[PDB]
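This report refers to the structure that appears directly beneath it.
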Amino acid sequence: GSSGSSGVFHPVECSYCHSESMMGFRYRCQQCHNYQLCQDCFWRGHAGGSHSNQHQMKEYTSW
Ligand SMILES: [Zn+2]
Ligand SMILES: [Zn+2]
């Protein structure tokens, strides 16, 4: 990554794919500790030992 601290601060960035473009949204899994994804991540579908592909995501407006 690479950016300056003279403008944008804590912009819309994913947790995994850490996207930059402003297209997706904040999608927080249903039942989980810390699982947030964006439109893309969702479209493709992500998961792991912790998060299960059978976990739905909710749309929130925080980031
Ligand atoms: Zn993402
Ligand atoms: Zn989950």
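Here the Cβ is made from the backbone with ideal geometry for all residues, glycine too, and neighbour counts use every protein chain on show. Just so you know, all these numbers are worked out from the coordinates, no wet-lab data involved.
The condition (being of a type in the set (A, V, I, L, M, F, W, C) and part of a loop (DSSP other than H, G, I, E, B)) is satisfied by just one residue among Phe42, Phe9: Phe9. Can you pull out the residues in the range 9-21 that are surrounded by 15 or more Cβ atoms within 10 Å (Cβ to Cβ) and polar (S, T, N, Q)? If the condition is that a residue be surrounded by 15 or more Cβ atoms within 10 Å (Cβ to Cβ) and polar (S, T, N, Q), then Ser15, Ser19 are the ones that fit. Put simply, of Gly45, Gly24 the only residue that is at positive phi, within 13 Å of ligand 1 (Cβ to nearest atom) and either surrounded by 10 or more Cβ atoms within 10 Å (Cβ to Cβ) or of a type outside the set (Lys, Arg) (or both) is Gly45.
Inspection of the range 51-61 identifies at least one residue that is surrounded by 11 or more Cβ atoms within 10 Å (Cβ to Cβ), away from ligand 2 (no atom under 11 Å from the Cβ) and not charged (D, E, K, R). Number of residues in the range 18-50 that are in contact with a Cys (Cβ under 8 Å, 6 or more places away or on another chain), within 16 Å of ligand 2 (Cβ to nearest atom) and of a type outside the set (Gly, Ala, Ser): the value is 7. For the range 1-55, a residue qualifies if it is without any contact (Cβ under 8 Å) to a residue 40 or more places away in the chain and of a type in the set (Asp, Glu), and the qualifying residues are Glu20, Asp40.
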